[PDB]
């Protein structure tokens, strides 16, 4: 379970919808040094509490925008985490994936979807006809 | 003519529609509403 | 007379029924068939 | 120094959840609005799906006859206008029932998508089973056909009913 | 030296069972035949028994009016011919619904005999419960009565419909 | 003197043959 | 989901990772550039295709490329 107190908010029209209860939902948790006003990702203003906060958001981009552009940039809060919550109740922490923010290089991270050539050396699509491989996926 | 109910006043169709509505159309639904009200479990 | 749709051609009753059939009788069932076809789960 | 003043707010979050995209207003949460909406045949507690459809069909089929009788293209004659209004109600209701049928066919495959899935909590869409939709549709069609005919019969006998409501039937 | 050549046979055993008294033919197992038959209201997947009866009755009551209107003993006058056709459809449908009722009464005692027993696997007779047969019967009667009356109304107003479908109602 | 009722009915029946063959081709192409 | 590929011309300026609004990208150790780091796309399932990363990329031509593919709920940016 995710712990924290929801920010003071009188209600809004940009909150969760059927997708939250049916497919997936996101939660962003952070700790603030004081009670202050922040902008909700989908409009309106909310008041983050003194201790640790928990906010439910419909999309992952809401958490990245709130944590990155407001918490880090404006409030100097660097401990925010984003969780993906499924209807069955399972919760996985997706940001930061390994506890280190992606913009900082961290050991043990593998190279994913790396092409060992310059982009101008991709093969022509005529060579890959009926093979099902895209030019950028070609070896 | 005096073989039917009529009205020389304005909108004489208003009694024509409202007498049935108040006296033998709506009263049974109103009684149903009151009966549901007075039978509700606590 | 020119107050109604008529036909001097053979079997002039055919447009009398075929126009309603193709244009406002069958199309909704046809759309229903296509809707079922394009929404079927894999 | 920050005072949201939520405790004295005339408009509260809906059902105490500030993040459900809804407000507690007079339309959505007042005692009269809740009593009226929740006791309509679509939401009335305990009603069987067929009984829900029957009452909805009766109400809708009855008034759908009217528009073509008064301003329709057969309005010049009483007999023709009534027939056109009855057919218009039948065509609309049958088309709607066909839509309700194919809605049930396509929605309820495996775990339904959206608001009709198993984990959905949409209180405004309580018919969560395929069987309930088909029972509702049967009630909708029969109610709409009956209500349309009831309006058709009253309009067809409007001359007699007008004498009825004025006491002209008491001459002899 | 024996070559049954079953692998290249255009007509195969039905459903892979050579000993079920059936063949895989264009009528029994072609994709179009299966799609049409299995989607008739008697077999359509997910339909409630009442909704099956409503569609079956609607179609049958509608066309049963016709035969007595055209070649019946009251065909000399339009008004009489329509009434005789409506009554004939009502009498036939009520007789059929009475037969359906007594079918359900006698078939479903204990473990039903024949194709409606618990261990029977008759894919062409899927209504295995007494409740399903009564729900079907209610839909059959109401659908047949509604379809017969719908045909009766169109035939009774045939002069109006004929002007309707020719634009003769647009003179005034 | 345009065609008669029988000719119209015959054409309707004849058109069934390309109608069924069009369905056969359409379903075969769908495979 | 969209496909995000990183080519060997990357200089490890971390600008694509900072520009991503859904955290698709991260910086991983590398040796092909002076910065000793290269961009990676482990979370392309969260990629919306905004191409903010390509705008941020300073190399010529782009060291990071986004190829729009099959659309999902999260790639369409749908809150419903």
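The chains carry the letters A, B, C, D, E, F and G, assigned in the order they are written, with residues numbered from 1 in each.
Operating definition for what follows: a contact is a pair of C-beta atoms (placed from the backbone, for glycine too) under 8 Å apart; a residue touches a chain by one contact, two chains touch by 3 or more.
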- Message: Just to be sure I understand the contacts, which chains border both chain D and chain A?
- Response: none
- Item | Selected pair, greater C-beta contact count between B-D and A-G | A-G
- Chain whose averaged C-alpha position falls nearest the assembly-wide average: D
- Query: How many Å are there between the centre of chain A and the centre of chain F, using C-alpha atoms for each centre?
  - Reply: 60
- Note on the structure: Distance in whole angstrom between the CA centres of chain C and chain F is 17
- Whole-Å gap separating chain B and chain E, where each centre is the average of the chain's CA atoms: 45
- Query: What is the distance, in whole Å, between the centres of chain D and chain G, each centre taken as the mean of its C-alpha atoms?
  - Reply: 51
- Task: For chain G, write out the residues touching at least two other chains, lowest number first.
- Result: none
- Tell me, which parts of chain D touch chain B in their complex? 163, 165-168, 171
- The residues of chain A that touch chain G in their complex are 17-19, 23, 42, 58-61, 64-65, 82, 94-97, 102-107, 109-120, 134, 136-137
- Message: So in the complex, the part of chain C that touches chain E is made up of which residues?
- Response: 3-6, 16-17, 20
- Touch list for chain D against partner chain A, complex: 2, 4, 6, 9, 11-14, 18-24, 113-115, 117, 119-122
- Query: Taking the complex as given, what residues does chain D use to touch chain C?
  - Reply: 95, 98-99, 101-102, 105-106, 109-110
